[PDB]
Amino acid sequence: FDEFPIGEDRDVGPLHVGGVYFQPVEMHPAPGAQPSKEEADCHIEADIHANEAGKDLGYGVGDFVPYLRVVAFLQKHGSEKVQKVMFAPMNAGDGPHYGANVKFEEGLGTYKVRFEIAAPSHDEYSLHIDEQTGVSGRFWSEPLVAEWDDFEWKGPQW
C-alpha cells in the first residue's frame, strides 16, 4: 500500500523515527476515540526502531521498540489550536507501528506535526541491571520529540 512521507526521518536519543501518512484504515479492535475509516482524513504512523544508541538499552539495532507511549500534536500554521492525538500500537501488512486514524481539524494547509515519545510506564517494562546479564543504558525520563514544522496537508492522495 502507498505511504506518503510526513517529513525527513529523525534520530532522537536511542530511536530512529519516521512519520508517514496514508488512507484511513479499519482497525480491530478499533481504538475507541479514533475516527472511523469513513470519518478520518488519513492514518498517521510513527515508525520507531532502535538506532545504535539503543544497543545500550538491550534492543537489537533496527528492531521495533514496543511499549512506548506516543502522542502526536498537530497545529495549523497561524493557529493557536493544538490537536492532541494518542497513537496506539498495531500491526499492518508491513509490521508493527504506532499510529492513528485522524482528522486535520483546521482543514487543508501547513501544520506543525510533533510526536512526543515516552518510555514505557513504570509497571509495563523492566531492564536487567545486574553486571552479568544486564544493560548499562536506561530509559529516558523526558519524552523524546520528533517534529516537522511544515507538513502540508493538501487532502487525500487516494
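Rigid core here is just the name for the largest C-alpha set that superposes within 1.5 Å across the two forms. Numbering starts at 1 and runs along the sequence shown.
Taking the root mean square of CA deviations in 5 other deposited structures of this protein after fitting on the rigid core, 94 to 102 and 129 to 137 differ, and the farther of the two is 129 to 137. Comparing 62 to 70 with 26 to 34 in 5 other deposited structures of this protein, after superposition on the rigid core, the stretch with the greater RMS C-alpha deviation is 26 to 34. The PDB entry records a higher mean C-alpha B factor for 22 to 30 than for its counterpart among 22 to 30 and 111 to 119. Note on the listed residues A53, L68, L127, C42: the highest Cα temperature factor in the record is that of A53. Ranked against the other modelled residues of its chain, the C-alpha B-factor of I48 as given in the entry falls in the middle third.
Among the modelled residues of its chain, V135 has a C-alpha B-factor that falls in the middle third according to the deposited record. Sort the modelled residues of the chain by CA B factor and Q83 lands in the middle third.
In the PDB entry, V12 places in the highest third of its chain by CA B-factor. Among the modelled residues of its chain, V102 has a C-alpha B-factor that falls in the lowest third according to the deposited record.
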